[PDB]
>>> print(open('run_24.pdb').read())   # PDB, C-alpha atoms
ATOM      1  CA  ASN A  40     128.068 155.930 174.807  1.00  0.00           C
ATOM      2  CA  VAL A  41     124.334 156.084 174.029  1.00  0.00           C
ATOM      3  CA  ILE A  42     123.775 156.125 170.257  1.00  0.00           C
ATOM      4  CA  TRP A  43     120.052 155.268 170.369  1.00  0.00           C
ATOM      5  CA  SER A  44     117.366 155.348 173.065  1.00  0.00           C
ATOM      6  CA  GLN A  45     113.738 155.705 174.056  1.00  0.00           C
ATOM      7  CA  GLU A  46     113.241 157.640 177.308  1.00  0.00           C
ATOM      8  CA  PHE A  47     109.432 157.494 176.895  1.00  0.00           C
ATOM      9  CA  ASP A  48     109.195 161.198 177.677  1.00  0.00           C
ATOM     10  CA  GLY A  49     106.130 162.214 175.633  1.00  0.00           C
ATOM     11  CA  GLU A  50     102.435 161.405 176.117  1.00  0.00           C
ATOM     12  CA  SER A  51     102.140 158.906 173.237  1.00  0.00           C
ATOM     13  CA  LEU A  52     104.342 156.145 171.807  1.00  0.00           C
ATOM     14  CA  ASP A  53     106.324 157.266 168.756  1.00  0.00           C
ATOM     15  CA  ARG A  54     104.908 155.384 165.757  1.00  0.00           C
ATOM     16  CA  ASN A  55     107.977 156.374 163.697  1.00  0.00           C
ATOM     17  CA  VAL A  56     109.912 154.019 165.997  1.00  0.00           C
ATOM     18  CA  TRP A  57     107.382 151.427 167.205  1.00  0.00           C
ATOM     19  CA  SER A  58     104.929 149.015 165.567  1.00  0.00           C
ATOM     20  CA  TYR A  59     102.187 146.888 167.150  1.00  0.00           C
ATOM     21  CA  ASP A  60     101.811 143.146 166.714  1.00  0.00           C
ATOM     22  CA  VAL A  61      98.010 142.866 166.673  1.00  0.00           C
ATOM     23  CA  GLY A  62      96.111 139.588 167.148  1.00  0.00           C
ATOM     24  CA  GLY A  63      94.874 137.058 169.715  1.00  0.00           C
ATOM     25  CA  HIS A  64      95.891 133.782 168.069  1.00  0.00           C
ATOM     26  CA  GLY A  65      98.452 132.634 170.660  1.00  0.00           C
ATOM     27  CA  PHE A  66     101.630 133.740 168.833  1.00  0.00           C
ATOM     28  CA  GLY A  67     102.914 130.157 168.549  1.00  0.00           C
ATOM     29  CA  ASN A  68     102.702 129.520 172.317  1.00  0.00           C
ATOM     30  CA  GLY A  69      98.947 129.245 173.029  1.00  0.00           C
ATOM     31  CA  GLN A  70      98.988 132.708 174.658  1.00  0.00           C
ATOM     32  CA  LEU A  71      95.551 133.933 175.731  1.00  0.00           C
ATOM     33  CA  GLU A  72      95.990 137.710 175.410  1.00  0.00           C
ATOM     34  CA  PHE A  73      94.822 139.746 172.429  1.00  0.00           C
ATOM     35  CA  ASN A  74      97.627 142.214 171.681  1.00  0.00           C
ATOM     36  CA  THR A  75      96.125 145.533 170.551  1.00  0.00           C
ATOM     37  CA  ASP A  76      97.265 148.964 169.359  1.00  0.00           C
ATOM     38  CA  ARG A  77      95.092 150.725 171.947  1.00  0.00           C
ATOM     39  CA  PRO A  78      96.053 153.325 174.620  1.00  0.00           C
ATOM     40  CA  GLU A  79      94.508 150.969 177.199  1.00  0.00           C
ATOM     41  CA  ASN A  80      97.277 148.400 176.696  1.00  0.00           C
ATOM     42  CA  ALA A  81     100.247 150.614 175.756  1.00  0.00           C
ATOM     43  CA  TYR A  82     100.747 154.243 176.806  1.00  0.00           C
ATOM     44  CA  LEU A  83     103.284 156.774 178.113  1.00  0.00           C
ATOM     45  CA  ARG A  84     103.081 158.376 181.555  1.00  0.00           C
ATOM     46  CA  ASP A  85     105.564 160.162 183.849  1.00  0.00           C
ATOM     47  CA  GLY A  86     108.605 159.238 181.717  1.00  0.00           C
ATOM     48  CA  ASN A  87     107.593 155.555 181.447  1.00  0.00           C
ATOM     49  CA  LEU A  88     106.227 153.201 178.826  1.00  0.00           C
ATOM     50  CA  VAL A  89     103.415 151.184 180.403  1.00  0.00           C
ATOM     51  CA  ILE A  90     102.276 147.921 178.841  1.00  0.00           C
ATOM     52  CA  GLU A  91      99.084 146.884 180.629  1.00  0.00           C
ATOM     53  CA  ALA A  92      97.490 143.437 180.461  1.00  0.00           C
ATOM     54  CA  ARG A  93      93.813 143.337 181.477  1.00  0.00           C
ATOM     55  CA  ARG A  94      91.135 140.717 182.112  1.00  0.00           C
ATOM     56  CA  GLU A  95      88.707 141.846 179.425  1.00  0.00           C
ATOM     57  CA  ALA A  96      86.541 140.348 176.675  1.00  0.00           C
ATOM     58  CA  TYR A  97      88.113 141.428 173.375  1.00  0.00           C
ATOM     59  CA  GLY A  98      88.236 139.945 169.870  1.00  0.00           C
ATOM     60  CA  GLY A  99      87.342 136.438 171.113  1.00  0.00           C
ATOM     61  CA  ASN A 100      89.918 136.515 173.929  1.00  0.00           C
ATOM     62  CA  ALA A 101      89.581 136.965 177.696  1.00  0.00           C
ATOM     63  CA  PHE A 102      92.635 139.250 178.023  1.00  0.00           C
ATOM     64  CA  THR A 103      94.133 142.280 176.278  1.00  0.00           C
ATOM     65  CA  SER A 104      97.766 143.410 176.297  1.00  0.00           C
ATOM     66  CA  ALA A 105     100.398 144.802 173.915  1.00  0.00           C
ATOM     67  CA  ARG A 106     103.399 143.504 171.971  1.00  0.00           C
ATOM     68  CA  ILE A 107     105.597 146.183 170.403  1.00  0.00           C
ATOM     69  CA  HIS A 108     108.817 146.196 168.355  1.00  0.00           C
ATOM     70  CA  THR A 109     111.044 148.524 166.300  1.00  0.00           C
ATOM     71  CA  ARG A 110     111.372 146.383 163.154  1.00  0.00           C
ATOM     72  CA  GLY A 111     111.908 148.600 160.105  1.00  0.00           C
ATOM     73  CA  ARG A 112     112.716 151.702 162.182  1.00  0.00           C
ATOM     74  CA  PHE A 113     115.510 150.504 164.483  1.00  0.00           C
ATOM     75  CA  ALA A 114     117.886 147.550 164.362  1.00  0.00           C
ATOM     76  CA  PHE A 115     121.531 147.052 165.343  1.00  0.00           C
ATOM     77  CA  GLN A 116     124.373 144.521 165.165  1.00  0.00           C
ATOM     78  CA  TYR A 117     126.662 144.347 168.231  1.00  0.00           C
ATOM     79  CA  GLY A 118     126.389 146.547 171.334  1.00  0.00           C
ATOM     80  CA  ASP A 119     124.978 146.688 174.864  1.00  0.00           C
ATOM     81  CA  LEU A 120     121.180 147.000 174.839  1.00  0.00           C
ATOM     82  CA  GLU A 121     119.860 147.774 178.332  1.00  0.00           C
ATOM     83  CA  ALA A 122     116.335 148.477 179.589  1.00  0.00           C
ATOM     84  CA  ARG A 123     115.166 149.726 182.991  1.00  0.00           C
ATOM     85  CA  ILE A 124     112.017 147.726 183.726  1.00  0.00           C
ATOM     86  CA  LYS A 125     109.662 147.163 186.649  1.00  0.00           C
ATOM     87  CA  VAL A 126     107.872 143.916 185.796  1.00  0.00           C
ATOM     88  CA  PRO A 127     104.367 143.326 187.282  1.00  0.00           C
ATOM     89  CA  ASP A 128     103.605 140.609 189.819  1.00  0.00           C
ATOM     90  CA  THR A 129     103.531 137.584 187.496  1.00  0.00           C
ATOM     91  CA  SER A 130     101.909 135.598 190.330  1.00  0.00           C
ATOM     92  CA  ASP A 131     100.639 132.756 188.138  1.00  0.00           C
ATOM     93  CA  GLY A 132      99.874 133.476 184.478  1.00  0.00           C
ATOM     94  CA  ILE A 133     101.657 136.704 183.496  1.00  0.00           C
ATOM     95  CA  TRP A 134     104.604 136.307 181.112  1.00  0.00           C
ATOM     96  CA  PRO A 135     106.452 139.597 180.363  1.00  0.00           C
ATOM     97  CA  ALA A 136     109.417 139.550 177.996  1.00  0.00           C
ATOM     98  CA  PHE A 137     112.215 141.749 176.681  1.00  0.00           C
ATOM     99  CA  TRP A 138     113.781 140.118 173.631  1.00  0.00           C
ATOM    100  CA  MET A 139     115.001 140.511 170.041  1.00  0.00           C
ATOM    101  CA  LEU A 140     114.588 138.970 166.584  1.00  0.00           C
ATOM    102  CA  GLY A 141     116.814 139.020 163.516  1.00  0.00           C
ATOM    103  CA  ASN A 142     115.971 141.981 161.276  1.00  0.00           C
ATOM    104  CA  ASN A 143     115.324 139.623 158.334  1.00  0.00           C
ATOM    105  CA  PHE A 144     112.189 138.374 160.130  1.00  0.00           C
ATOM    106  CA  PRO A 145     109.574 137.657 158.981  1.00  0.00           C
ATOM    107  CA  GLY A 146     111.031 137.220 155.476  1.00  0.00           C
ATOM    108  CA  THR A 147     113.353 134.617 156.953  1.00  0.00           C
ATOM    109  CA  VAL A 148     111.120 132.298 158.987  1.00  0.00           C
ATOM    110  CA  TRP A 149     111.569 131.572 162.695  1.00  0.00           C
ATOM    111  CA  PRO A 150     113.895 130.371 164.079  1.00  0.00           C
ATOM    112  CA  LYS A 151     116.294 130.853 161.150  1.00  0.00           C
ATOM    113  CA  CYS A 152     115.960 134.636 161.630  1.00  0.00           C
ATOM    114  CA  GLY A 153     117.398 134.211 165.145  1.00  0.00           C
ATOM    115  CA  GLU A 154     116.041 135.036 168.613  1.00  0.00           C
ATOM    116  CA  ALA A 155     117.654 136.472 171.746  1.00  0.00           C
ATOM    117  CA  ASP A 156     115.556 136.656 174.919  1.00  0.00           C
ATOM    118  CA  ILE A 157     117.084 139.151 177.362  1.00  0.00           C
ATOM    119  CA  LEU A 158     114.354 138.839 179.997  1.00  0.00           C
ATOM    120  CA  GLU A 159     111.621 136.277 180.483  1.00  0.00           C
ATOM    121  CA  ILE A 160     109.809 135.744 183.789  1.00  0.00           C
ATOM    122  CA  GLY A 161     106.679 133.953 185.046  1.00  0.00           C
ATOM    123  CA  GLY A 162     107.633 130.398 184.042  1.00  0.00           C
ATOM    124  CA  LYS A 163     105.940 127.208 185.259  1.00  0.00           C
ATOM    125  CA  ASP A 164     109.044 125.920 187.079  1.00  0.00           C
ATOM    126  CA  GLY A 165     109.122 129.255 188.924  1.00  0.00           C
ATOM    127  CA  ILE A 166     105.495 128.710 189.995  1.00  0.00           C
ATOM    128  CA  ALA A 167     106.135 125.152 191.208  1.00  0.00           C
ATOM    129  CA  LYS A 168     109.247 126.145 193.188  1.00  0.00           C
ATOM    130  CA  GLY A 169     107.533 129.264 194.596  1.00  0.00           C
ATOM    131  CA  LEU A 170     109.960 131.701 192.927  1.00  0.00           C
ATOM    132  CA  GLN A 171     107.430 133.534 190.770  1.00  0.00           C
ATOM    133  CA  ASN A 172     109.085 136.968 190.783  1.00  0.00           C
ATOM    134  CA  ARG A 173     112.655 135.699 191.250  1.00  0.00           C
ATOM    135  CA  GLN A 174     113.319 132.989 188.639  1.00  0.00           C
ATOM    136  CA  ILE A 175     114.062 134.485 185.213  1.00  0.00           C
ATOM    137  CA  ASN A 176     115.776 133.269 182.055  1.00  0.00           C
ATOM    138  CA  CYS A 177     117.641 134.500 179.033  1.00  0.00           C
ATOM    139  CA  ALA A 178     117.674 132.358 175.888  1.00  0.00           C
ATOM    140  CA  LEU A 179     118.911 131.858 172.336  1.00  0.00           C
ATOM    141  CA  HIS A 180     116.609 130.239 169.769  1.00  0.00           C
ATOM    142  CA  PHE A 181     118.036 129.692 166.276  1.00  0.00           C
ATOM    143  CA  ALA A 182     118.531 127.312 163.354  1.00  0.00           C
ATOM    144  CA  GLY A 183     121.545 125.210 164.350  1.00  0.00           C
ATOM    145  CA  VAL A 184     123.152 122.006 163.075  1.00  0.00           C
ATOM    146  CA  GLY A 185     120.967 120.688 160.247  1.00  0.00           C
ATOM    147  CA  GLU A 186     118.952 123.936 160.223  1.00  0.00           C
ATOM    148  CA  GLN A 187     117.025 122.491 163.194  1.00  0.00           C
ATOM    149  CA  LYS A 188     115.461 124.469 166.052  1.00  0.00           C
ATOM    150  CA  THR A 189     118.085 124.792 168.800  1.00  0.00           C
ATOM    151  CA  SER A 190     117.263 126.357 172.173  1.00  0.00           C
ATOM    152  CA  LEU A 191     119.881 127.535 174.669  1.00  0.00           C
ATOM    153  CA  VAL A 192     118.322 128.610 177.974  1.00  0.00           C
ATOM    154  CA  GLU A 193     119.995 129.883 181.143  1.00  0.00           C
ATOM    155  CA  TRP A 194     117.962 130.167 184.357  1.00  0.00           C
ATOM    156  CA  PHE A 195     118.725 132.542 187.221  1.00  0.00           C
ATOM    157  CA  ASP A 196     117.113 133.089 190.629  1.00  0.00           C
ATOM    158  CA  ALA A 197     117.239 136.781 191.551  1.00  0.00           C
ATOM    159  CA  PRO A 198     117.988 137.629 195.232  1.00  0.00           C
ATOM    160  CA  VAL A 199     114.984 139.971 195.452  1.00  0.00           C
ATOM    161  CA  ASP A 200     111.467 139.956 194.000  1.00  0.00           C
ATOM    162  CA  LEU A 201     111.951 141.901 190.767  1.00  0.00           C
ATOM    163  CA  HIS A 202     108.379 143.270 190.671  1.00  0.00           C
ATOM    164  CA  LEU A 203     109.038 145.581 193.643  1.00  0.00           C
ATOM    165  CA  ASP A 204     111.410 147.958 191.831  1.00  0.00           C
ATOM    166  CA  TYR A 205     112.970 148.827 188.479  1.00  0.00           C
ATOM    167  CA  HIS A 206     115.880 146.590 187.459  1.00  0.00           C
ATOM    168  CA  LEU A 207     118.406 146.795 184.616  1.00  0.00           C
ATOM    169  CA  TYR A 208     118.144 143.990 182.044  1.00  0.00           C
ATOM    170  CA  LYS A 209     120.958 144.031 179.497  1.00  0.00           C
ATOM    171  CA  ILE A 210     122.613 142.116 176.679  1.00  0.00           C
ATOM    172  CA  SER A 211     126.261 142.596 175.718  1.00  0.00           C
ATOM    173  CA  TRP A 212     126.675 141.488 172.105  1.00  0.00           C
ATOM    174  CA  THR A 213     130.126 141.262 170.518  1.00  0.00           C
ATOM    175  CA  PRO A 214     131.518 139.294 167.509  1.00  0.00           C
ATOM    176  CA  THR A 215     132.494 136.486 169.915  1.00  0.00           C
ATOM    177  CA  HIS A 216     129.604 136.191 172.398  1.00  0.00           C
ATOM    178  CA  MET A 217     126.203 137.224 173.723  1.00  0.00           C
ATOM    179  CA  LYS A 218     126.042 137.926 177.477  1.00  0.00           C
ATOM    180  CA  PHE A 219     123.004 138.739 179.649  1.00  0.00           C
ATOM    181  CA  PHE A 220     122.942 140.811 182.845  1.00  0.00           C
ATOM    182  CA  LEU A 221     120.709 141.699 185.785  1.00  0.00           C
ATOM    183  CA  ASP A 222     121.796 145.014 187.336  1.00  0.00           C
ATOM    184  CA  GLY A 223     125.243 144.769 185.735  1.00  0.00           C
ATOM    185  CA  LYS A 224     125.880 141.184 186.919  1.00  0.00           C
ATOM    186  CA  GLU A 225     126.128 138.471 184.244  1.00  0.00           C
ATOM    187  CA  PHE A 226     123.749 135.505 184.551  1.00  0.00           C
ATOM    188  CA  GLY A 227     124.028 134.104 180.997  1.00  0.00           C
ATOM    189  CA  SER A 228     126.679 133.760 178.277  1.00  0.00           C
ATOM    190  CA  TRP A 229     127.175 131.916 174.983  1.00  0.00           C
ATOM    191  CA  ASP A 230     129.903 131.906 172.338  1.00  0.00           C
ATOM    192  CA  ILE A 231     128.391 132.742 168.930  1.00  0.00           C
ATOM    193  CA  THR A 232     131.436 132.159 166.680  1.00  0.00           C
ATOM    194  CA  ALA A 233     130.235 128.653 165.727  1.00  0.00           C
ATOM    195  CA  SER A 234     129.404 128.096 162.055  1.00  0.00           C
ATOM    196  CA  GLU A 235     125.780 127.180 162.827  1.00  0.00           C
ATOM    197  CA  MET A 236     125.226 130.465 164.724  1.00  0.00           C
ATOM    198  CA  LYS A 237     125.864 132.855 161.806  1.00  0.00           C
ATOM    199  CA  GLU A 238     122.325 134.185 162.327  1.00  0.00           C
ATOM    200  CA  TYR A 239     123.660 136.226 165.283  1.00  0.00           C
ATOM    201  CA  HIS A 240     125.922 138.263 162.983  1.00  0.00           C
ATOM    202  CA  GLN A 241     123.141 140.347 161.430  1.00  0.00           C
ATOM    203  CA  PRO A 242     121.008 143.297 162.713  1.00  0.00           C
ATOM    204  CA  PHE A 243     118.405 142.545 165.403  1.00  0.00           C
ATOM    205  CA  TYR A 244     115.486 144.623 166.710  1.00  0.00           C
ATOM    206  CA  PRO A 245     114.034 144.699 170.283  1.00  0.00           C
ATOM    207  CA  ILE A 246     110.554 143.575 171.364  1.00  0.00           C
ATOM    208  CA  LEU A 247     108.529 144.254 174.516  1.00  0.00           C
ATOM    209  CA  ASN A 248     105.302 142.513 175.546  1.00  0.00           C
ATOM    210  CA  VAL A 249     103.230 141.136 178.415  1.00  0.00           C
ATOM    211  CA  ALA A 250     101.739 137.744 177.560  1.00  0.00           C
ATOM    212  CA  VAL A 251      98.997 136.041 179.574  1.00  0.00           C
ATOM    213  CA  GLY A 252      99.183 132.253 179.808  1.00  0.00           C
ATOM    214  CA  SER A 253     100.328 129.607 177.331  1.00  0.00           C
ATOM    215  CA  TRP A 254      99.861 125.953 176.372  1.00  0.00           C
ATOM    216  CA  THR A 255     100.419 123.610 179.336  1.00  0.00           C
ATOM    217  CA  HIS A 256     103.607 122.390 177.623  1.00  0.00           C
ATOM    218  CA  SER A 257     104.716 126.005 176.991  1.00  0.00           C
ATOM    219  CA  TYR A 258     106.195 128.618 179.330  1.00  0.00           C
ATOM    220  CA  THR A 259     103.509 129.344 181.965  1.00  0.00           C
ATOM    221  CA  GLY A 260     101.759 125.952 182.121  1.00  0.00           C
ATOM    222  CA  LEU A 261      98.375 127.716 182.369  1.00  0.00           C
ATOM    223  CA  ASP A 262      96.219 127.461 179.253  1.00  0.00           C
ATOM    224  CA  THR A 263      92.721 128.704 180.202  1.00  0.00           C
ATOM    225  CA  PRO A 264      91.476 132.104 181.510  1.00  0.00           C
ATOM    226  CA  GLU A 265      90.285 130.451 184.733  1.00  0.00           C
ATOM    227  CA  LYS A 266      93.829 129.254 185.540  1.00  0.00           C
ATOM    228  CA  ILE A 267      95.191 132.831 185.481  1.00  0.00           C
ATOM    229  CA  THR A 268      95.322 133.968 189.124  1.00  0.00           C
ATOM    230  CA  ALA A 269      97.579 137.012 188.684  1.00  0.00           C
ATOM    231  CA  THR A 270      96.570 140.541 189.677  1.00  0.00           C
ATOM    232  CA  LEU A 271      94.996 142.296 186.696  1.00  0.00           C
ATOM    233  CA  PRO A 272      95.471 144.851 185.382  1.00  0.00           C
ATOM    234  CA  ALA A 273      99.170 143.931 185.317  1.00  0.00           C
ATOM    235  CA  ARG A 274     101.539 146.751 184.328  1.00  0.00           C
ATOM    236  CA  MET A 275     105.122 146.588 183.065  1.00  0.00           C
ATOM    237  CA  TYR A 276     106.877 149.946 183.480  1.00  0.00           C
ATOM    238  CA  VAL A 277     109.787 150.696 181.143  1.00  0.00           C
ATOM    239  CA  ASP A 278     111.694 153.833 182.152  1.00  0.00           C
ATOM    240  CA  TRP A 279     114.023 153.589 179.167  1.00  0.00           C
ATOM    241  CA  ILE A 280     115.779 151.399 176.631  1.00  0.00           C
ATOM    242  CA  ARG A 281     119.236 152.489 175.450  1.00  0.00           C
ATOM    243  CA  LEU A 282     121.889 151.198 173.039  1.00  0.00           C
ATOM    244  CA  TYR A 283     125.467 151.574 174.297  1.00  0.00           C
ATOM    245  CA  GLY A 284     127.548 151.499 171.118  1.00  0.00           C
ATOM    246  CA  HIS A 285     130.654 149.409 170.476  1.00  0.00           C
ATOM    247  CA  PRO A 286     133.318 150.275 167.838  1.00  0.00           C
ATOM    248  CA  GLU A 287     131.909 147.398 165.761  1.00  0.00           C
ATOM    249  CA  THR A 288     128.258 148.457 166.177  1.00  0.00           C
ATOM    250  CA  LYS A 289     126.241 148.728 162.960  1.00  0.00           C
ATOM    251  CA  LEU A 290     123.192 150.981 163.376  1.00  0.00           C
ATOM    252  CA  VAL A 291     120.131 150.681 161.125  1.00  0.00           C
ATOM    253  CA  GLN A 292     117.593 153.522 161.069  1.00  0.00           C
ATOM    254  CA  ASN A 293     115.026 154.671 158.492  1.00  0.00           C
TER     255      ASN A 293
END
>>> encode(input="run_24.pdb", output="structure tokens")
Amino acid sequence: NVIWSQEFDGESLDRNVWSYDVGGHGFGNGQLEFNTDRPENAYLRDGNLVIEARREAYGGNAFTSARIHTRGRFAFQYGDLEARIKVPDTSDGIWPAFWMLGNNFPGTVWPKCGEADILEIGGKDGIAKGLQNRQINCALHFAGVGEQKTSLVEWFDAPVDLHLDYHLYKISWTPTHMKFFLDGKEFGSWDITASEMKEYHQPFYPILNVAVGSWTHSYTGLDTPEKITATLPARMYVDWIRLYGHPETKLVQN
């Protein structure tokens, strides 16, 4: 039961749904890409959203990309949010993500607002083990016991290289749990009824981006332009993102 979607049908991204995070300051992870609001980095084509990262001198940075979200226009509490995505070859350096933040962000600071990562890929452990386009993760980041940053991360090794075709990345979010799926098969689950996880009983909004690099101690392990060996331009195709409603689903639109 689809109650909200983006099929990316038109020729331009709908600004009455989406907003652009603009900047090249690393976004708290030492990321190298400058996220812009340009057609070069984010555009619609043949029923797909395309976020394109490029090796390119821009705004002090050596890479451009995009980082888009629906904060203020679309949020929801409880439901199945699924996206059909063909991630680019992350090789070494590219870090695409499909994830959500609490709808009180940025008024409530991170991680108290709450974070749910549905898809991350291109991690340093994946590089080391030679599973660049196979090893993914979901994650929960929040303010737990003592209001302290708590990270729950579940790793999965996909059977096939996920950059070769579109795959379905989903979260199922109920009053009791958050579950994460690849092509309908669960690879992550956490109970969210605990008192310190009340941040996951508010509206959240989705986010899509393609980061390039990070601090050595961060996700990719590759912190300079010269260490990025991935094919550029790198394109993430998103055929659609849909919200499958639950009885308990609260929809927020403006």
>>> atom_distance(input="run_24.pdb", atom1="atom CA of residue A:54", atom2="atom CA of residue A:217")
29.1 Å
>>> resolve_selection(input="run_24.pdb", expression="the PyMOL selection byres ((chain A and resi 206) around 10)", output="VMD selection string")
chain A and resid 122 to 126 201 to 205 207 to 209 221 to 223 277 to 278
>>> residues_around(input="run_24.pdb", residues="residue A:104", least_positions_apart="6", cutoff="7 Å", atoms="all atoms listed in the file", output="list in words")
residues 72, 73, 74, 75, 80, 90, 91, 92, 93 and 249 of chain A
>>> residues_near_point(input="run_24.pdb", point="(122.2, 130.6, 170.0)", cutoff="10 Å", atoms="only C-alpha atoms", output="VMD selection string")
chain A and resid 153 to 155 178 to 183 188 to 192 216 to 217 228 to 233 235 to 239
>>> closest_residue(input="run_24.pdb", among="A:246, A:282, A:136, A:101", to="residue A:59", atoms="only C-alpha atoms")
A:246
>>> residues_around(input="run_24.pdb", residues="residue A:117", least_positions_apart="4", cutoff="7 Å", atoms="all atoms listed in the file", output="ChimeraX atom specification")
/A:212-213,285,287-289
>>> resolve_selection(input="run_24.pdb", expression="the PyMOL selection byres ((chain A and resi 68) around 7)", output="MDAnalysis selection string")
chainID A and resid 65:67 69:70 253:254 257
>>> write_last_selection(input="run_24.pdb", atoms="C-alpha atoms", output="PDB file, in the frame of the given file")
ATOM      1  CA  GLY A  65      98.452 132.634 170.660  1.00  0.00           C
ATOM      2  CA  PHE A  66     101.630 133.740 168.833  1.00  0.00           C
ATOM      3  CA  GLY A  67     102.914 130.157 168.549  1.00  0.00           C
ATOM      4  CA  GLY A  69      98.947 129.245 173.029  1.00  0.00           C
ATOM      5  CA  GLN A  70      98.988 132.708 174.658  1.00  0.00           C
ATOM      6  CA  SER A 253     100.328 129.607 177.331  1.00  0.00           C
ATOM      7  CA  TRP A 254      99.861 125.953 176.372  1.00  0.00           C
ATOM      8  CA  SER A 257     104.716 126.005 176.991  1.00  0.00           C
TER       9      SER A 257
END
>>> closest_residue(input="run_24.pdb", among="A:134, A:82, A:115, A:57", to="residue A:252", atoms="all atoms listed in the file")
A:134
>>> closest_residue(input="run_24.pdb", among="A:108, A:281, A:224, A:168", to="residue A:53", atoms="all atoms listed in the file")
A:108
>>> residues_around(input="run_24.pdb", residues="residue A:77", least_positions_apart="6", cutoff="12 Å", atoms="only C-alpha atoms", output="MDAnalysis selection string")
chainID A and resid 51:52 58:61 83 89:92 97 103:107
>>> atom_distance(input="run_24.pdb", atom1="atom CA of residue A:219", atom2="atom CA of residue A:127")
20.7 Å
>>> residues_around(input="run_24.pdb", residues="stretch 141-145 of chain A", least_positions_apart="3", cutoff="8 Å", atoms="only C-alpha atoms", output="number ranges by chain")
A: 110-111, 114, 148-149, 152-154, 238-239, 241-244
>>> atom_distance(input="run_24.pdb", atom1="atom CA of residue A:41", atom2="atom CA of residue A:160")
26.8 Å
>>> closest_residue(input="run_24.pdb", among="A:226, A:264, A:291, A:40", to="residue A:96", atoms="only C-alpha atoms")
A:264
>>> axis_aligned_box(input="run_24.pdb", around="stretch 216-227 of chain A", padding_each_side="8 Å", output="AutoDock Vina command-line options")
--center_x 125.2 --center_y 139.6 --center_z 179.9 --size_x 24.9 --size_y 26.9 --size_z 30.9
>>> closest_residue(input="run_24.pdb", among="A:42, A:81, A:133, A:197", to="residue A:261", atoms="all atoms listed in the file")
A:133
>>> resolve_selection(input="run_24.pdb", expression="the PyMOL selection byres ((chain A and resi 260) around 10)", output="ChimeraX atom specification")
/A:131-132,161-164,166,252-259,261-263,266
>>> closest_residue(input="run_24.pdb", among="A:119, A:85, A:79, A:193", to="residue A:272", atoms="all atoms listed in the file")
A:79
>>> build_atoms(input="run_24.pdb", residues="stretch 169-182 of chain A", atoms="N, CA and C atoms", output="short mmCIF file (atom, residue, chain, number, x, y, z; two decimals), in the coordinates of the input")
data_model
loop_
_atom_site.label_atom_id
_atom_site.label_comp_id
_atom_site.auth_asym_id
_atom_site.auth_seq_id
_atom_site.Cartn_x
_atom_site.Cartn_y
_atom_site.Cartn_z
N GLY A 169 107.93 128.13 193.78
CA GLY A 169 107.53 129.26 194.60
C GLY A 169 108.48 130.46 194.43
N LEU A 170 109.00 130.64 193.21
CA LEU A 170 109.96 131.70 192.93
C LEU A 170 109.43 132.57 191.79
N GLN A 171 108.15 132.97 191.90
CA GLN A 171 107.43 133.53 190.77
C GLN A 171 108.11 134.81 190.26
N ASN A 172 108.54 135.68 191.18
CA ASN A 172 109.08 136.97 190.78
C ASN A 172 110.60 137.00 190.99
N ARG A 173 111.22 135.81 191.04
CA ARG A 173 112.66 135.70 191.25
C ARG A 173 113.32 134.95 190.09
N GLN A 174 112.72 133.83 189.66
CA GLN A 174 113.32 132.99 188.64
C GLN A 174 113.04 133.58 187.26
N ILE A 175 114.12 133.96 186.57
CA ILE A 175 114.06 134.49 185.21
C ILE A 175 114.89 133.58 184.31
N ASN A 176 114.87 133.89 183.01
CA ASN A 176 115.78 133.27 182.06
C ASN A 176 116.15 134.26 180.96
N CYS A 177 117.33 134.05 180.38
CA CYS A 177 117.64 134.50 179.03
C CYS A 177 117.66 133.27 178.14
N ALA A 178 117.72 133.47 176.82
CA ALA A 178 117.67 132.36 175.89
C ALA A 178 118.15 132.77 174.50
N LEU A 179 118.67 131.77 173.77
CA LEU A 179 118.91 131.86 172.34
C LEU A 179 118.10 130.77 171.64
N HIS A 180 117.28 131.17 170.67
CA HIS A 180 116.61 130.24 169.77
C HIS A 180 117.06 130.54 168.34
N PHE A 181 117.48 129.51 167.61
CA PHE A 181 118.04 129.69 166.28
C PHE A 181 117.98 128.38 165.49
N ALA A 182 118.38 128.47 164.22
CA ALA A 182 118.53 127.31 163.35
C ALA A 182 119.98 126.84 163.41
#
